[PDB]
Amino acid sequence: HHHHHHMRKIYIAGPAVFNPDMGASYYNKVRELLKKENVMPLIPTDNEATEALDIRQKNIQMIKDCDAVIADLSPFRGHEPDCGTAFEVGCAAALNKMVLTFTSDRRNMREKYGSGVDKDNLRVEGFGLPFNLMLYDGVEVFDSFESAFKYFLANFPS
């Protein structure tokens, strides 16, 4: 009765890293929430290397090692989600990982831009989705990290 026990792991994707505090406040909240459920956060800035390629490789490895990704696809520098987060969602999708997404703005892209085109006459997607359709996989788009985490707990038990 001392079998190996898998500790669940979630990759914490999102532009919080670009906050003035490098994501400290966001990541601390994540750490506290996950601690209660014995889930390990895999955080992009953990044991951060100095070289871009090393940072990238470590983050890809975290995605490979995770049970799920919870991705913050909130508006970043406009109505579009963060590209880095989008890359990570793509990585996870290719590796058949559970991907859970949330955003602070759930309106359709055309509601966000107020038109079928942006200010430069570039087409805004019309699929009833809050962001680029590649980022949607059929799972509900959540309103917060917490709500996404509740789905994880219900659908990925120990």
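Residue positions are given as counts along the sequence shown, with the first one as 1.
Mean CA temperature factor is higher for 34-42 when stretches 60-68 and 34-42 are set side by side in the entry. In this entry, 18-26 has the higher mean Cα B-factor, the comparison being between 134-142 and 18-26. Sort the modelled residues of the chain by CA B factor and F156 lands in the highest third. Sorting the modelled residues of the chain by their CA temperature factor places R107 in the middle third.
When the modelled residues of the chain are ordered by their C-alpha B factor, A49 lands in the highest third.
In this PDB entry, the Cα temperature factor of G90 sits in the bottom third of its chain's modelled residues, the lowest group.
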